[PDB]
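The residues making up each chain are set out below.
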Amino acid sequence: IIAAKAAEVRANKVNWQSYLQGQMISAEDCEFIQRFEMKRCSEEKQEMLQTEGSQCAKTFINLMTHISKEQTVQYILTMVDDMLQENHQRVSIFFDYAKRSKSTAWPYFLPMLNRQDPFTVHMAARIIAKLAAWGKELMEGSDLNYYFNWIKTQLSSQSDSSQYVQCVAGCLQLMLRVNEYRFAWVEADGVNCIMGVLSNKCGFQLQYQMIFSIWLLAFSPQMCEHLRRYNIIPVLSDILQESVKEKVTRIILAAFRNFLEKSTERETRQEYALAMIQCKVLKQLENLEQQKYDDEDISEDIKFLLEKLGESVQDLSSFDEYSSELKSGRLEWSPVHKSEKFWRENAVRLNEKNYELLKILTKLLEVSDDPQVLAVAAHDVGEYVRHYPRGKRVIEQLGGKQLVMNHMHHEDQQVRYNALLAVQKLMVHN
Amino acid sequence: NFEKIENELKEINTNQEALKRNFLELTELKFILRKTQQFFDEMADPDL
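As a numbering rule, every chain is indexed from 1 in the order its sequence is written, which need not reproduce the entry's residue numbers; residues that lack coordinates are not presented. Chains carry letters from A onward and ligands carry numbers from 1 onward, assigned in written order. The chains in this view make up only part of a larger assembly, and the values are for that part alone. Excluding hydrogens and water, the side-chain figures rest on all heavy atoms present in the structure. Residues with missing side-chain atoms are left out of burial classes, side-chain pairs and their counts.

Chemist: Can you explain the overall build of chain B? Please cite residues and give values.
Modeler: Numbering of helices and strands runs from the N terminus, with a helix taken as a DSSP run of H or I at least four residues long and a strand as a DSSP run of E at least two residues long. Regarding its fold elements, chain B presents one helix and zero strands. When its C-alpha atoms are laid out on the principal axes, chain B stretches across 65 × 15 × 10 Å.

Chemist: How would you sum up the overall build of chain A? Please name residues and give values.
Modeler: Broken down by element type, chain A carries 28 helices and zero strands. The size measure is the radius of gyration over C-alpha atoms, and the globule rule it meets is 2.2 Å times the number of residues to the 0.38 power. The C-alpha atoms of chain A give 31 Å as radius of gyration, which overshoots the globular expectation for 430 residues (22 Å, by more than 25%). C-alpha atoms of chain A, sized along the principal axes, occupy 105 × 40 × 35 Å.

Chemist: Tell me about unusual backbone geometry, and name the residues and values.
Modeler: Residues and elements named next belong to chain A. Located in the positive-phi region is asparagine 231, a residue other than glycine, with phi close to 60°. Relative to the helices and strands, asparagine 231 resides in the loop between α15 (221-227) and α16 (233-242). If you check the backbone angles, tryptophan 333 has positive phi at about 60° while not being a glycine. Inspection of the secondary structure puts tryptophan 333 in the loop between α21 (319-328) and α22 (335-338).

Chemist: Run through the environment of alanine 375 of chain A, naming residues and quoting values.
Modeler: All names here are of chain A. Checked against the element boundaries, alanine 375 lands in helix α25 (residues 371-387). When the C-alpha positions of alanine 375 and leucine 253 are compared, they lie 34 Å apart, and in sequence the two are 122 residues distant. When checking whether two residues touch, look at their non-hydrogen atoms; a contact exists if any pair is within 4.5 Å. Discounting residues that sit within four places of it in the chain, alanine 375 has contacts with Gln414, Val415 and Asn418.

Chemist: An account of the packing of α25 of chain A against helix α28 (residues 413-426) of chain A is requested, with residue identities and associated values reported.
Modeler: All names here are of chain A. Interaxial angles span 0 to 180 degrees and are taken between N-to-C directions of axes, which are lines fitted to C-alpha atoms, for helices over the stretch in contact. Relative to each other, α25 and α28 sit at 10°, their axes nearing to 7 Å. Comparing their axes, α28 and α25 come out roughly parallel. Between α25 and α28, the contacting residues are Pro371, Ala375, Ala378, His379, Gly382, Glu383, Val385 and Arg386 on the first element and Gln414, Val415, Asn418, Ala419, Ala422, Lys425 and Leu426 on the second. The classification used treats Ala, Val, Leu, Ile, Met, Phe, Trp, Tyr, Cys and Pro as nonpolar, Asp, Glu, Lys and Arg as charged, and all other residues, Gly among them, as polar. By residue class, the composition of the contact of α25 with α28 is eight nonpolar, four polar and three charged. Between 65 and 115 degrees an angle is taken as roughly perpendicular, under 35 as roughly parallel, over 145 as roughly antiparallel, and anywhere else as oblique.

Limitation: the analysis is restricted to geometry and does not speak to function.
Below is the structure:
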């Protein structure tokens, strides 16, 4: 939506004198804009900006403030945006003007965001993002609060509105590029706005942009620690199934690496990795590893994620973890349960403490109200016999034999199925 | 889904094989045990 109106505005020039003659602007302002329009070559533009720099931003502000018809205001805004594209350093003239006026840069521009035209307001937003991201003067306090509040309100609209939310997210990203704005945005409820707009089925480009933002947050250790209060990963894992596009797949992989890299604690890494594995990210990483892509980042990140997810799977497969989940009632398909190598290595560990692990399992076989826990108990009891031959008589002693051969008639088909698997384990041979 | 379908099918097949292999021998053992009581009980008044 931005591009066509920008192109039209580049051409929709009109006489700036129309407003000087109406006494809405000053003669020097009109003269500056006319001279700058005539002075088109790069050297001439620099000469104007360096000879009349104090008048430059003042002319822009005066015309934007006092002009009724949009075309001229949009012309100024598009000119500033294109001048920043030509040379990003052009943010410096506004700061020079503000300092000469003994003022900060923000009160001049922030009110523009409340104007009527979506094009003009969002172009002002792009200009503000460029200015306050490149310049020494960051946005702070009530000013940044209102600016990100405006970002939030534009997001709240959630299509031309979505295509403008493209610019909203672009400004947000160009700001988060610098650390301070990241903490400001996390302090605000803006991350909740990202969650809301993502869940509200926003468009593909917007998905890439918000995953860009969460990837920026994950880059920082403390912001990565902060964002768990939302837990994007359950959304992102399944949305990756549809977003096969290289853009989105790459950025989500990068955000995943950032989570598992910049997680501050071993427990933080375990939380993120557990979300991943219980939402089945590991098989997807194996599939993507079989797949091959254009650039380094996608495949290097898939390889790193395979490394770290494998390490997390081994950790969860730790014998101490198995005992601790048995103690904590978390018989809910942690990777230890299906990691066959763990079972081969540690099936004897179920004899430890005089078969306390099997005792927990066989007490849960008549104490577990949760069908998941009951089924996992029966299945683990069967796996014990599968992996440790002498366990046949131990299970007969503890009643796991009878308990599973009965619970294959349990009221929940999942429990019935797992109990049938366990009884098959017992009957693997004599 | 399909990978697991095949895996579980093969598992059940091999399990059927093993179970039948054990079952036939143990059933013949049951029958020999039964008839050997009649073989033994000619004058089996003592304990053994």
